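Heads up, what comes next is one protein chain in two forms, each shown on its own as structure tokens, labelled structure 1 and structure 2.
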Structure 1
């Protein structure tokens, strides 16, 4: 594609003072024509970078110099305080007039929402070698995070719901594989793959090479989501299509937090009630947490206020220089008014402020432990919304609604020892089952069960309980609002599920009355508009399921089993079909 003179022009450019990439052509022939295949490929690699990064590799080097200098300084703001626009969401487990009104309004708003899933990571840190969205939300049904989000989105937004998945080189192919394998059919899905950026070997921004003599590449961060979206097309920009179809909101969700399907409707309702252009999903945080604070900030004494996410370390350091915190913690579920989001997008080309964070060998010598690269964060899009022209706020939810799976069993053990949340696969799964129970109790289902743990994991570090397990699919439970749950159980007081039981429900099912001592699956029509399978005067008793810890001695044991430390034994199961 690029001409020889172009590659030659770039090569000479990269050798000029201030760019100084001479080390890349050490021992090369004078002109392009004389260069071999490998050399021609390297120059083309450098040249093509321009279709990926504004200003190409030359501008990438300059930004590197600017950021490397910037990060050598102390981050500090002239002012830091509470965001003016913070709103408390009502509890997810109390069916109040307010909660009903917000779920109602929010659910209707879901019909005009674009959904964006950030999924560029493998689960290696967790102990899982595949893509994080292929993790099961729970092992009773083994429904993947990917299917869980997509089926919910198609339920609340219809089959044609606009959906974006951001992938990376690590996850892209495997994601397309999973979509096909799960037979997910999502007409308006767009899978956008982030491009990796070049790396700096040193503090002077000399470009790094890999083990094979090729330019090294690393992730540019999830800030890429915005530029991927801005550049996406259907000759029409993707966003133009959304706007023209009457879409009014856009929401960004993380890969392994099932809680989002509960918080999102509330956030939408509150964004409308309080006219918020950007709405951070928050939880109350204790001063000892690896989540950022939502702060009102002012970089320099003259600057206007900006409402953005600020990391703990930074926050503490800025305080001095100038039982939860007064400041909420951001879970990175971001809710936008679409028109505002698009306006900011168009003005910036989806470019959010960047930074660099090199890992050094020592505390002085300033040598890189590994090559560094420029990064950006998806939440930093907030910096593009001035207080003068936009309203940016936070909605504070119960900490229980935040259920990420992000730590390994070993890490969780250490964290718990320090009084911090485990946020591992064991607690993610247990929290999902408990979430279903709290929601069902809110509509009057009489669930009585022990709060004691049923299995202990991580070398007897902590315990979780699982039962009773109750999992309703999207055809059965629809959006999962309390009203939708009440449709499944019209006379809740007649449904008696023993604490050791398992109830799995798929399809258009209505349960009027049931006595369950064991495991039961009820299946109804897969078509939400078909006549429901109604269950009345059912009495089911069997051996049911059980759960036990994986012994240290340890086989059909997979990574999925080992990362949670226990296994369900699915010994017996009754089935009620047509």
Structure 2
């Protein structure tokens, strides 16, 4: 595509004052023909960048200057207060008329919802060498985050549910491999891969090179998802196809928060009840948390009010700098974003999916402009909220219980550090434990009589903290459908006759109704995979066996001839699946 002539032009352009990328061409021949393969190839990806980024490498460099300049000054907003449109979600564990009404309205709206999963990130912190969505939500069934989201979306939206996954060079091939291995058949799935952007070796925005002498690249953030969608087709633009098909909402989720399946229906219901074009999923924030804050903002004294997320790392500078004339003053945003499709599309087309950018260089010294590592420009998918003026649109937030936010983000080591400071662990152990506890709270909400200790059953991270797992109850999507309280009531139509001991394990797959059961041990019950089949009904069942246990992974573990995997080690315990009764048919 790129002619040898065009390449020389770009080379010369990049050497001009204000771009100053002469260091890339040190020791090069005057003209292209004279240049070799290595050289001609470097000039190429510089050139091709145009097709990946607005205004190519030249504009990228200019944006860097503008950002690096802005990044020296203290952030400040003329005004900062509570967003006008904030709404409290009813508890997920109380079956009130309101909760019922909202779940019913929301669950119906799921039939007309487009789903989007951002799964391009590496999650540096974890100490898991594979992709985040390949993590199990829990080790009872080992269902991956990927499968969990997809089966749920196909359940509430039908097999043909529109679904977008954003990958990156870091996650893409493994994502496709996982889809293939799980034998997930998702007809309207679109996998969209974000491209990498160049890096700056310094505050003057000189491009960094790697060891071999090639242009160093890094991801541009979860912000890329909007442009990826804008430019995606199916002949016809993707979003057009969705609109023409009758879809009315679009939802964005992140890679390791199982809570989203619970919050989303509620949000949809509230978005429609309160006519919200954009609806931020929130929780009460603890002053220290690495989650952003939902605020009403005016950056300068003359600007309009803008409802938008302010990231945690920024709310620090703004904190002390801006004021004069148990939780954070403003809601914490968990980045489950709920949009009215038509409103979303309008702003998308206006901006070409392009959202405001930033840069957050890491310095090697206190106050030397020297970079410890090359920096690149970033973007946040939630910053699309900046394109929604208060005049034309209604942006707001829905506040849920903190318990419904269950990310898996920190390693065991970090988690011990956080917990010693009294902060949330948000690690694999607490993620799995939170999942089990969520099923239990939901089930008790429909009257299932679960009695169980609140004491931890295992300690992790060198006696730092403990979690409990039991009793373990996991119902698959065929069994539990959307997971609404009404849907759970269908599995247990007479919950007072179902007695699950605190040490028990109940796994249910397919079309199953449990009327009466006494369980002291582990039990798997399987019904027809076909959701429209005659359900396997369980009455007067009595099951007793050794069941399962959990124990900690000990420091004195050889790791040799041990089937202990990273998945085990990052949570610090292992389930022992000693006995299991199985009821089929």
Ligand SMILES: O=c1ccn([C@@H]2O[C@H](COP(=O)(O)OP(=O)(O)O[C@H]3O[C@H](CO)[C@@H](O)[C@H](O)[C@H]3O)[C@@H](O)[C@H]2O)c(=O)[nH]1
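Residues that one form lacks are left out of the comparison. Superpose the two forms; the largest set of C-alphas matching within 1.5 Å is the rigid core. Positions refer to the first chain, counted from 1.
It is structure 2 that shows the chain in the form deposited with the ligand bound.
Of the candidates 314, 82, 461, 186, the Cα that moves 2 angstroms or more after core superposition between structures 1 and 2 belongs to 314 alone.
Comparing the forms between structures 1 and 2, the C-alpha position of residue 123 differs by 2 angstroms or more, with the core used for superposition. Fit the two forms on the rigid core and the C-alpha of residue 34 turns out 1.0 Å off between structures 1 and 2. Once the rigid core is matched between structures 1 and 2, the CA atom of residue 288 is found 2.3 Å away. In sequence order, 121 to 124, 311 to 322 are the runs of at least 3 residues present in both forms whose Cα atoms shift by 2 Å or more between structures 1 and 2 once the core is superposed.
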